[PDB]
There are 4 protein chains.
Amino acid sequence: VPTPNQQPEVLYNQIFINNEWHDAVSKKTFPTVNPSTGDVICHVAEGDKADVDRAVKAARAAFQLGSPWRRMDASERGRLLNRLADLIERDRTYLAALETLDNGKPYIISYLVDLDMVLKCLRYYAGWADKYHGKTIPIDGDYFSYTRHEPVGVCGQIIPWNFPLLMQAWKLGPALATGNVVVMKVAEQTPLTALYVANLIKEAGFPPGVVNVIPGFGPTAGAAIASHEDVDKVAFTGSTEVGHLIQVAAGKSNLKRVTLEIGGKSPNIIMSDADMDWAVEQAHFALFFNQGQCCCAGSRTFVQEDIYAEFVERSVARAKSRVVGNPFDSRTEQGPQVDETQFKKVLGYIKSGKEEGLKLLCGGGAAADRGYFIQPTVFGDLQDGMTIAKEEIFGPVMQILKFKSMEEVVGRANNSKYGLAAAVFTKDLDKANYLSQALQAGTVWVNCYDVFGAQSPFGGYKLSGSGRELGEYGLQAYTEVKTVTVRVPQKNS
Amino acid sequence: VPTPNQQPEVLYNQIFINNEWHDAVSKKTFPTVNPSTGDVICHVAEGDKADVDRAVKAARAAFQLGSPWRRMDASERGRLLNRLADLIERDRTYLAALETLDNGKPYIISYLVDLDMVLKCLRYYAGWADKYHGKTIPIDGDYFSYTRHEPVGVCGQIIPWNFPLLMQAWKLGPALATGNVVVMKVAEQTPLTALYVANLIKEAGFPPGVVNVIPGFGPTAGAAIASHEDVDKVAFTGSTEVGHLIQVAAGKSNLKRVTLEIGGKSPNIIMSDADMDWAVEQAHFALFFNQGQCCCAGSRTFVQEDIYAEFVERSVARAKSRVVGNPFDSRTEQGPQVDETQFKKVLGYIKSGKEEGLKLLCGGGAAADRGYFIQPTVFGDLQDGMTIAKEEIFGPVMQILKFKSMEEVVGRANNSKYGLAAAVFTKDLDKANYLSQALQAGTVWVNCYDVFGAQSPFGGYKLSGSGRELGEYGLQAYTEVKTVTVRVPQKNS
Amino acid sequence: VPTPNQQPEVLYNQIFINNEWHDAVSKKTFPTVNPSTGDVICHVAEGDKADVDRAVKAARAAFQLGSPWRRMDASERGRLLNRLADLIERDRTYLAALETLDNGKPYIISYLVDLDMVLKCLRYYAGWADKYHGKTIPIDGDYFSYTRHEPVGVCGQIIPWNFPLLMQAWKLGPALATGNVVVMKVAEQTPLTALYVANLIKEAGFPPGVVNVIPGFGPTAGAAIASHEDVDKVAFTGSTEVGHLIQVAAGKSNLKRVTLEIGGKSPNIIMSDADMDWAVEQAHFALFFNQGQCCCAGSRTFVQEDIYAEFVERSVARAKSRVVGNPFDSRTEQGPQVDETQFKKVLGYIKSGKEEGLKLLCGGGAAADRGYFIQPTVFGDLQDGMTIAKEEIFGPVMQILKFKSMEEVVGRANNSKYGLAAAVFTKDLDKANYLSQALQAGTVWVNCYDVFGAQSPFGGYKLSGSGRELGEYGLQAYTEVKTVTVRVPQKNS
Amino acid sequence: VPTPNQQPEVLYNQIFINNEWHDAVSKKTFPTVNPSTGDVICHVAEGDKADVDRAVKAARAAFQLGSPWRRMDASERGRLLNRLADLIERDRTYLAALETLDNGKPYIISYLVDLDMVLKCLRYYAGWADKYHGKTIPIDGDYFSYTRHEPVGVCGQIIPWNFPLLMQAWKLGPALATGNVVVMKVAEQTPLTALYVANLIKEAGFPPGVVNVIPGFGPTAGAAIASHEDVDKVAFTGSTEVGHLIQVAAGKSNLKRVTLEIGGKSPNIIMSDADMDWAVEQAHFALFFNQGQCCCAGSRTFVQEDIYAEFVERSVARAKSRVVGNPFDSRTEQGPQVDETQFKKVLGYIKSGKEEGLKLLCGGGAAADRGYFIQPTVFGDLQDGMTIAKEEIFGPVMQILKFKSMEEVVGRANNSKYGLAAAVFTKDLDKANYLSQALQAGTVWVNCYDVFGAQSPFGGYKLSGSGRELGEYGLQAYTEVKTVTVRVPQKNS
């Protein structure tokens with residue numbers, strides 16, 4: 001991993017529309033802070049409805065029948081996405097550093113993890129461009145019926161702050177590969193990286209209006225996209241709470257297609273025959289990865305009584321050794337929480353746990369007085385009715401529960417409004433197969449956690465989502481099907 | 001076509017839950033009238049939220065992991081659907097008669113069209129049961145990734161009164177084929193046939209709770225389903241106005257998956273090179289089919305100026321010969337409108353057209369003093385800004401517009417909030433191919449209209465829908481995708 | 001299981017062509033014996049080249065563009081296959097008895113196993129008829145490209161005597177479902193059941209020439225089909241030796257498509273952690289099922305040394321209790337071998353094993369002096385270089401080998417010219433996953449054996465086959481793809 | 001188009017095996033001539049059986065379970081193919097010049113056509129690498145069945161001299177994308193370009209033994225591949241005559257999977273309503289493209305009598321203006337024929353035509369006395385029984401036939417042992433649709449010819465092929481399907 005620039009230059013901080021950078025119509029700007037120091041990095045244009053409106057306008061024009069983008073060969077769409085990937089890889093060190101500066105995650109992670117997964121996603125979707133075929137259907141009668149898989153049109157894509165570059169990649173990959181146009185709203189907590197990539201999109205040679213990125217606020221620029229009368233589809237990734245607002249907004253206006261990737265409270269089930277060493281480490285990772293700021297975090301670690309005590313002791317030790325510090329330091333495992341608000345939220349949950357009557361095994365408090373650092377907390381002897389066992393904490397706060405039977409763990413694990421992911425650690429073939437089938441979750445990992453593949457779909461089962469985001473599935477929501485039934489003189493097989 | 005019983009006996013008029021018939025919790029009942037005579041056929045149990053909750057409870061139980069339905073082989077689901085089909089064919093004469101008695105459509109149509117289409121739908125989806133495979137994905141790293149296409153769960157399905165039996169079949173086919181459970185709300189205007197089939201479901205051997213049919217009202221039983229906290233998915237077919245309510249209800253509650261098949265104002269484009277005879281008859285059919293009560297009716301007949309006068313003359317003559325009368329009479333082409341409310345609504349539009357300044361060429365008034373018969377009306381010299389040229393009439397009221405160029409007709413045809421279907425009549429290959437691509441419609445018929453195939457998807461492009469209902473596509477909405485990623489010792493190709 | 005007729009009446013014994021029965025052009029006939037008594041059941045017309053030529057002509061005519069069969073709706077093809085199924089189910093008892101009479105397998109098996117699987121196969125492919133879509137391809141340039149999945153044409157299908165009715169169904173299901181025409185060559189050892197079904201094909205309403213069944217001899221009628229200049233595809237199931245002849249014949253003449261389902265020497269690997277009881281019973285079934293006359297029989301039972309002794313002991317006991325006798329007797333587990341030739345071949349192998357220096361644990365000799373009964377033989381302490389450990393025996397002769405490591409068992413099990421199937425018994429997830437990937441077999445069963453599903457493909461990896469026979473894959477070989485590229489005025493997404 | 005080097009340097013002329021260049025075991029070499037001058041360009045190592053044997057050895061080793069290539073992520077296979085493309089694009093000018101030097105085709109074509117198509121093919125298949133999923137199948141019983149799409153293994157790929165780089169690309173694309181290993185035999189008449197690309201494969205980072213290219217002769221190196229006991233699959237592109245040999249070879253030995261892309265006599269049907277200008281130009285292109293050395297050439301131009309005379313005179317004029325000359329000259333439309341042998345063959349056919357009694361409209365003789373140039377010949381008034389109207393000429397010799405009805409032209413056009421491609425020129429929708437369905441051809445072009453898309457399959461219907469080469473279909477033949485059926489505690493939907 002190349003040595004990063006601990007203070008990477010901010011080159012873009014405006015609104016990107018027709019491959020052009022401009023200030024908000026209001027000339028208003030908002031600050032973007034560095035979670036590690038609490039100091040302001042710079043100021044970014046604050047997009048609002050007026051800016052969304054013009055971006056939508058730009059996108060619609062780019063999507064007109066006869067446009068360079070609509071006339072473009074699917075293969076060329078693939079070429080553009082691969083070119084974009086190349087530019088991102090060329091600027092990998094810079095983007096990794098900026099990602100960390102704006103977000104807080106360890107540089108090594110932004111480089112080896114975030115950026116690699118960003119490149120793999122775009123590279124993956126580049127190949128789908130000319131392969132998502134329609135169908136020729138053996139309909140009854142003397143007809144020739146077939147389907148066209150056309151773009152759904154103008155897509156509003158709202159993304160969170162936990163994986164800035166990756167979330168952007170997950171949206172643009174399938175949308176662009178299918179021929180759609182994008183009006184994207186990026187998180188006000190982390191707008192810098194998305195904007196830089198927006199310029200690379202221009203450099204890649206994408207036609208104007210195809211991708212418009214608008215930095216701003218949620219109830220402001222986000223809501224304007226969700227309720228716009230000319231946005232054909234919305235893709236939102238964030239809280240279930242806001243997820244509700246997105247669907248409600250869609251219904252109250254355009255009846256635009258909606259997909260949601262939202263919260264979670266994922267159960268990580270360790271069976272007594274599981275390899276302790278692997279299970280403990282993976283359990284640690286399952287919850288602590290990315291400052292605990294992952295929607296599919298294993299926030300409910302169910303451990304079989306027979307091995308509970310040992311598993312708990314080992315988890316606490318591992319939590320005790322987890323290095324929290326400067327993201328740019330090679331030995332830093334944990335950076336700060338994205339912002340003060342989240343910092344307080346997490347702390348509020350730790351307080352709740354202690355008050356609910358939970359066994360605090362690892363220090364649950366601030367880890368520093370400068371950035372938003374919190375100590376890797378671990379709560380043992382957790383009860384299902386406890387707030388921290390029910391509500392998504394989104395911080396470095398581990399919950400460890402105890403169970404006896406499979407029948408019991410299935411019911412407990414499944415008894416949640418969420419269903420984003422789950423995990424099973426066991427050496428037994430039958431337990432693995434039984435559980436993976438019984439678990440009501442979009443993804444079930446067996447003997448592993450947080451394993452993402454651009455080729456494998458991801459999504460929620462209940463109030464944790466709607467629709468899937470990767471693989472071939474990720475193309476479905478960005479496709480509008482048209483049936484064309486032509487009358488023929490005489491149909492033959 | 002066998003001789004029908006002009007007065008078929010009503011055997012079921014209650015609420016169907018766990019394969020059992022019972023009155024509404026309130027014991028309240030509502031009348032179902034015969035549109036031909038205006039007299040009450042009988043009374044049906046009026047389901048409400050209390051009944052909906054009971055049905056959902058029943059359905060959820062039937063969906064329990066380990067249930068006969070969930071443990072059932074996919075092939076067996078296919079066998080049950082085929083058995084159902086057989087029972088409907090056994091009772092084809094009776095059902096065609098009852099369909100007409102409660103709806104008003106001609107008996108010949110109910111028999112040869114509706115029932116045939118019903119049988120073909122179920123028979124088609126019966127074969128999909130064991131064929132909608134998941135995937136084994138070549139994910140990165142030492143893992144074995146694959147997806148499971150599981151049922152979405154408890155599905156709420158709300159259907160209209162235009163095609164009682166068929167609408168029911170379009171919903172049950174894909175749902176049952178996939179392993180889902182149903183809580184269906186039937187149109188209060190036409191609940192009889194759906195209830196009869198509900199009993200056939202029981203007789204076919206479907207496990208209790210798998211299909212629950214609730215007769216009742218919209219804002220009552222319908223809304224109860226749309227905002228239910230335990231319904232995983234909603235499939236609604238009706239007005240766009242209500243469609244909005246369904247999507248808003250889903251967002252404000254459960255975040256349940258939603259699909260909508262709604263209104264339309266489909267354009268029927270006749271090019272100057274089209275075969276007049278065919279074009280004229282097909283245009284007649286395109287709009288007048290089923291008392292004009294079809295979501296995909298060719299409500300806007302655009303005819304190229306060069307052949308406009310001739311086409312109009314021929315249209316009016318054909319409309320003047322259209323026989324309106326007793327649905328059970330062999331020579332009846334048009335029966336009455338479903339009910340007085342729709343009778344008045346259609347008349348209101350005829351009034352509107354005359355006042356908008358439209359050329360009434362065919363008598364626009366009631367055709368009788370007993371049932372809800374309206375005369376096949378034809379309006380010539382229509383203008384895009386005219387109410388009847390923008391709002392869905394849902395009655396035997398034809399609109400004929402005049403155009404010159406293709407660029408012109410595409411823009412005009414496309415300039416609508418709707419996009420359910422469209423049609424183009426021409427002998428030219430390039431115009432056919434150009435137009436089918438340019439028209440923003442879920443279905444584009446070329447040299448034909450109203451051609452439906454159980455194997456070809458159907459749906460709307462704008463405020464006329466979301467999702468497709470037939471073919472393989474119809475299975476998508478009834479499937480929940482689960483990704484299972486297993487860590488393996490050493491992955492190889 | 002209904003009481004069978006020990007002496008079922010033979011109603012059809014001639015050549016079936018245009019839905020008509022006639023004697024061979026030579027008037028020659030051959031006898032069909034009853035393996036249980038060694039007595040002649042009756043005589044069947046002996047088809048030859050002249051008869052094959054006539055059949056091919058009939059088939060070709062039925063395949064003419066514009067034929068009732070080619071113009072028929074795909075759904076109707078489905079209907080015919082379901083009708084056929086129903087007729088077979090109606091005559092289930094008769095067919096099961098006749099199957100046993102002519103083949104030797106126990107009636108219970110013929111009824112509950114063979115017939116059920118025949119019904120399931122036809123009923124399964126009936127549903128594929130109108131679902132095997134082609135595709136609309138996003139090709140470069142201003143074009144509309146799409147593919148048609150047309151029938152391959154006239155298909156020659158040659159089947160064996162081990163599962164008469166079943167093998168017939170495996171060929172007809174996919175062929176007919178895709179719109180092809182068939183010229184079938186049935187095994188001289190067991191032509192009876194296939195002939196009766198041929199008449200059911202007539203009764204089902206299949207167009208004349210669509211299915212022609214020709215009873216006769218291999219180098220006679222079989223070779224005539226394989227080398228015919230007007231047969232578009234050949235599907236052969238039998239010995240690898242003859243498989244070679246089919247491929248060579250195809251090349252020396254028509255260059256017709258070829259698919260082969262041939263011999264095997266499947267390894268059944270029992271890991272030390274396997275459940276003894278289950279593993280022992282399944283191992284017994286794996287090899288002894290259908291008088292050991294199954295191409296995917298577990299001919300090489302590799303058992304982990306730690307559990308070898310015990311496994312062997314249990315295997316011998318189970319083989320010693322295996323009831324051999326009258327197929328019509330409820331307690332008979334094993335009937336006779338198909339005929340004297342096979343009877344002597346199996347005996348020759350037992351002799352070989354004894355001479356090779358193998359430990360005969362179970363009596364290896366004739367079990368009676370009337371029919372072709374052989375005692376369930378079990379050879380312990382087998383060595384890979386032994387003939388019975390290399391050549392397919394096709395009889396009730398079990399081989400039990402000893403192994404130590406997984407690396408060793410993989411190499412040993414894979415060290416064969418065959419690769420039809422394999423099995424792995426273990427409770428460990430990793431071993432299951434590892435082995436199933438490492439084994440070069442068309443089918444790898446884990447914790448079970450001989451599990452067939454009409455929905456899952458089956459075939460060989462080396463000299464044991466080419467192509468797969470069930471599921472969606474089974475339709476591939478019966479499809480000819482046509483690409484139609486149309487120049488369009490302006491292509492858009 | 002950049003200025004080429006009229007004399008590009010030959011850097012590789014040996015056998016490429018484990019990413020290493022070596023002389024044949026025999027030290028024998030053969031000359032490669034320049035068709036334009038008749039002079040020897042250089043000498044190339046003459047591979048033989050011994051060289052094929054070692055190449056297969058290398059390939060097998062590269063295919064061992066646990067190999068870098070087998071363990072490699074499918075996505076990485078995609079990366080390698082994209083890298084290879086980049087290298088080819090980097091060297092596009094050199095490769096196009098060398099292609100023309102050794103082949104004879106005009107440099108502008110090699111550059112703008114051949115190399116573009118080469119890049120597009122590899123770029124296309126690079127995206128398929130991680131998307132050709134297997135399936136999870138809803139089999140009956142308590143099991144989990146799924147399929148694995150594994151590589152077929154060692155693939156022997158034999159290619160022709162008409163499109164050296166492109167044929168190589170059509171083979172390597174699908175093979176490598178699927179994870180197979182290759183032993184390729186390149187045409188003795190044109191081995192240079194294929195060898196240079198072989199080195200780029202090394203530079204790209206492909207693991208040793210994955211692609212082995214062997215220059216040599218047909219009955220020598222080609223036959224050794226076709227009958228090799230360790231080659232799992234053979235892919236051959238060439239004459240139907242040799243095609244027979246490949247299939248017979250496969251049967252006589254390994255029973256290896258075979259696919260054939262062979263000869264043709266494609267009919268180009270011009271209906272009276274066709275746009276003459278376009279039809280005439282396209283007709284010229286259809287047959288004259290690449291010195292008439294294309295298997296899909298429109299060898300039989302059927303013209304409707306009403307427009308026959310005009311079409312004929314227009315064709316002759318166009319043929320009279322076709323510039324034949326130095327391939328490197330910007331004005332050259334036609335270069336020389338690949339070699340003296342082909343030179344003589346084509347001339348022999350012209351002689352035949354004259355003798356069969358055909359109307360020679362354009363000079364049918366040599367165009368120069370240096371290279372292998374032949375004058376663009378046009379034969380009018382041809383009859384179906386004439387040799388030139390039956391046998392593939394593979395030279396600039398056009399055949400123009402006259403027809404009256406559609407019924408007539410379908411039968412005549414279809415009356416051939418070949419069925420590679422066909423074309424229909426008409427403005428009529430019904431004629432287009434009717435003919436496309438009626439024509440027994442692997443590809444039917446409507447109002448265009450020789451339109452190839454890496455995304456759409458290509459192949460023959462009779463003695464012109466077996467299997468398809470492009471699109472998703474091209475992956476089928478390079479995949480071996482394995483079914484894994486696991487016993488599960490309790491199967492649920």
# chains A, B, ... in the order shown; residues from 1 in each chain; ligands from 1

call {"tool": "select_by_dssp", "arguments": {"residues": "stretch 204-248 of chain D", "states": "alpha helix (DSSP H)", "output": "MDAnalysis selection string"}}
result
chainID D and resid 204 223:226 240:248

call {"tool": "write_last_selection", "arguments": {"atoms": "N, CA and C atoms", "output": "short mmCIF file (atom, residue, chain, number, x, y, z; two decimals), in the first residue's frame"}}
result
data_model
loop_
_atom_site.label_atom_id
_atom_site.label_comp_id
_atom_site.auth_asym_id
_atom_site.auth_seq_id
_atom_site.Cartn_x
_atom_site.Cartn_y
_atom_site.Cartn_z
N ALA D 204 0.30 -10.64 -21.22
CA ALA D 204 -0.94 -10.32 -20.51
C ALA D 204 -0.93 -10.90 -19.10
N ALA D 223 -4.91 -33.36 -37.14
CA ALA D 223 -5.40 -34.70 -36.86
C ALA D 223 -4.96 -35.19 -35.49
N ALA D 224 -3.73 -34.86 -35.08
CA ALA D 224 -3.21 -35.28 -33.78
C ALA D 224 -4.05 -34.70 -32.64
N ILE D 225 -4.64 -33.53 -32.88
CA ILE D 225 -5.48 -32.88 -31.88
C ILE D 225 -6.85 -33.56 -31.88
N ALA D 226 -7.40 -33.75 -33.07
CA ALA D 226 -8.71 -34.37 -33.23
C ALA D 226 -8.83 -35.78 -32.65
N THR D 240 -16.29 -28.66 -44.74
CA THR D 240 -17.22 -29.70 -44.34
C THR D 240 -16.52 -31.05 -44.50
N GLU D 241 -15.70 -31.15 -45.55
CA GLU D 241 -14.96 -32.37 -45.84
C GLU D 241 -14.14 -32.80 -44.64
N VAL D 242 -13.34 -31.87 -44.14
CA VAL D 242 -12.50 -32.13 -42.98
C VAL D 242 -13.37 -32.23 -41.73
N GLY D 243 -14.49 -31.50 -41.73
CA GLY D 243 -15.40 -31.55 -40.59
C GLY D 243 -15.76 -33.00 -40.30
N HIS D 244 -16.05 -33.75 -41.36
CA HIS D 244 -16.40 -35.16 -41.22
C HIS D 244 -15.29 -35.89 -40.48
N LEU D 245 -14.05 -35.62 -40.89
CA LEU D 245 -12.87 -36.24 -40.30
C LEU D 245 -12.73 -35.94 -38.81
N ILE D 246 -13.03 -34.72 -38.42
CA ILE D 246 -12.95 -34.34 -37.01
C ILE D 246 -13.94 -35.16 -36.18
N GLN D 247 -15.19 -35.23 -36.63
CA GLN D 247 -16.21 -35.97 -35.90
C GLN D 247 -15.92 -37.46 -35.85
N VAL D 248 -15.43 -38.01 -36.95
CA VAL D 248 -15.11 -39.43 -36.98
C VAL D 248 -13.93 -39.69 -36.03
#

call {"tool": "interface_residues", "arguments": {"of": "chain D", "to": "chain C", "cutoff": "7 Å", "atoms": "only C-alpha atoms", "output": "MDAnalysis selection string"}}
result
chainID D and resid 137 139:140 244:245 247:248 251:252 255 257 436 441:448 453 455:457 463 466 481:487

call {"tool": "residues_around", "arguments": {"residues": "residue D:277", "least_positions_apart": "2", "cutoff": "12 Å", "atoms": "only C-alpha atoms", "output": "ChimeraX atom specification"}}
result
/D:270,273-275,279-284,310-311,314-315,318,425,447

call {"tool": "residues_around", "arguments": {"residues": "residue C:205", "least_positions_apart": "5", "cutoff": "9 Å", "atoms": "only C-alpha atoms", "output": "JSON list (two decimals) with N, CA, C and O atoms, in the first residue's frame"}}
result
[["chain", "number", "residue", "atom", "x", "y", "z"],
["C", 80, "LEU", "N", -50.58, -31.93, -24.82],
["C", 80, "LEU", "CA", -50.46, -33.30, -25.33],
["C", 80, "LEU", "C", -49.62, -34.16, -24.41],
["C", 80, "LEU", "O", -49.96, -35.33, -24.17],
["C", 83, "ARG", "N", -51.63, -34.96, -21.40],
["C", 83, "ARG", "CA", -52.66, -35.93, -21.78],
["C", 83, "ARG", "C", -52.00, -37.31, -21.77],
["C", 83, "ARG", "O", -52.51, -38.25, -21.17],
["C", 84, "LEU", "N", -50.84, -37.40, -22.41],
["C", 84, "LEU", "CA", -50.07, -38.64, -22.47],
["C", 84, "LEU", "C", -49.83, -39.17, -21.06],
["C", 84, "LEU", "O", -50.08, -40.34, -20.77],
["C", 200, "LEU", "N", -50.61, -45.01, -26.87],
["C", 200, "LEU", "CA", -51.17, -43.98, -26.01],
["C", 200, "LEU", "C", -50.86, -42.62, -26.63],
["C", 200, "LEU", "O", -51.62, -41.67, -26.48]]

call {"tool": "residues_around", "arguments": {"residues": "residue A:18", "least_positions_apart": "2", "cutoff": "7 Å", "atoms": "only C-alpha atoms", "output": "list in words"}}
result
residues 16, 20, 58, 208, 209 and 212 of chain A

call {"tool": "write_last_selection", "arguments": {"atoms": "N, CA, C and O atoms", "output": "compact mmCIF listing (two decimals), in the first residue's frame"}}
result
# COMPACT_ATOMS: atom_id res chain seq x y z
N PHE A 16 -22.32 19.02 -9.85
CA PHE A 16 -21.99 18.50 -11.17
C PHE A 16 -23.27 18.17 -11.93
O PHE A 16 -24.06 17.34 -11.49
N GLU A 20 -20.43 19.83 -15.90
CA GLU A 20 -19.98 21.17 -15.51
C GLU A 20 -20.15 21.35 -14.01
O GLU A 20 -21.11 20.85 -13.42
N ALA A 58 -31.50 18.19 -16.98
CA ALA A 58 -30.32 17.77 -17.71
C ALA A 58 -30.34 16.29 -18.03
O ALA A 58 -30.01 15.88 -19.15
N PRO A 208 -22.79 14.41 -21.48
CA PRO A 208 -23.34 15.38 -20.52
C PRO A 208 -24.74 15.02 -20.08
O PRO A 208 -25.56 14.58 -20.89
N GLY A 209 -25.01 15.19 -18.78
CA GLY A 209 -26.33 14.90 -18.25
C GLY A 209 -26.58 13.46 -17.86
O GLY A 209 -27.57 13.17 -17.17
N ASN A 212 -25.27 13.17 -12.92
CA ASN A 212 -25.30 14.47 -12.27
C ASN A 212 -25.21 14.17 -10.79
O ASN A 212 -25.99 13.36 -10.29

call {"tool": "atom_distance", "arguments": {"atom1": "atom CA of residue B:35", "atom2": "atom CA of residue B:21"}}
result
26.3 Å

call {"tool": "atom_distance", "arguments": {"atom1": "atom CA of residue A:364", "atom2": "atom CA of residue A:376"}}
result
7.0 Å

call {"tool": "residues_around", "arguments": {"residues": "residue A:333", "least_positions_apart": "2", "cutoff": "8 Å", "atoms": "only C-alpha atoms", "output": "ChimeraX atom specification"}}
result
/A:106,322-325,327,331,335

call {"tool": "residues_around", "arguments": {"residues": "residue C:89", "least_positions_apart": "2", "cutoff": "12 Å", "atoms": "only C-alpha atoms", "output": "ChimeraX atom specification"}}
result
/C:82-87,91-96,111-112,114-120,122-123,197,200

call {"tool": "decode", "arguments": {"residues": "stretch 332-358 of chain D", "atoms": "C-alpha atoms", "output": "mmCIF file, in the first residue's frame"}}
result
data_model
loop_
_atom_site.group_PDB
_atom_site.id
_atom_site.type_symbol
_atom_site.label_atom_id
_atom_site.label_comp_id
_atom_site.auth_asym_id
_atom_site.auth_seq_id
_atom_site.Cartn_x
_atom_site.Cartn_y
_atom_site.Cartn_z
ATOM 1 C CA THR D 332 -7.708 -1.381 -53.153
ATOM 2 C CA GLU D 333 -11.041 -3.076 -52.507
ATOM 3 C CA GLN D 334 -9.878 -6.574 -53.371
ATOM 4 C CA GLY D 335 -6.490 -8.128 -52.618
ATOM 5 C CA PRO D 336 -5.231 -11.523 -53.862
ATOM 6 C CA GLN D 337 -6.561 -14.946 -52.990
ATOM 7 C CA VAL D 338 -4.693 -16.528 -50.050
ATOM 8 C CA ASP D 339 -2.587 -18.905 -52.168
ATOM 9 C CA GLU D 340 -1.968 -20.463 -55.569
ATOM 10 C CA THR D 341 -4.017 -23.546 -54.635
ATOM 11 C CA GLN D 342 -7.085 -21.441 -53.855
ATOM 12 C CA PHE D 343 -6.194 -19.305 -56.876
ATOM 13 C CA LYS D 344 -6.476 -22.404 -59.062
ATOM 14 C CA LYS D 345 -9.596 -23.709 -57.297
ATOM 15 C CA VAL D 346 -11.544 -20.499 -57.931
ATOM 16 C CA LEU D 347 -10.376 -20.420 -61.553
ATOM 17 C CA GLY D 348 -11.488 -24.026 -61.900
ATOM 18 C CA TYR D 349 -14.966 -22.988 -60.769
ATOM 19 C CA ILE D 350 -15.131 -20.135 -63.272
ATOM 20 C CA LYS D 351 -14.175 -22.639 -65.967
ATOM 21 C CA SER D 352 -16.899 -24.927 -64.696
ATOM 22 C CA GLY D 353 -19.516 -22.167 -64.792
ATOM 23 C CA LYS D 354 -18.619 -21.254 -68.363
ATOM 24 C CA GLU D 355 -18.839 -24.935 -69.301
ATOM 25 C CA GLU D 356 -22.040 -25.619 -67.342
ATOM 26 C CA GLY D 357 -23.545 -23.033 -69.678
ATOM 27 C CA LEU D 358 -23.599 -19.928 -67.537
#
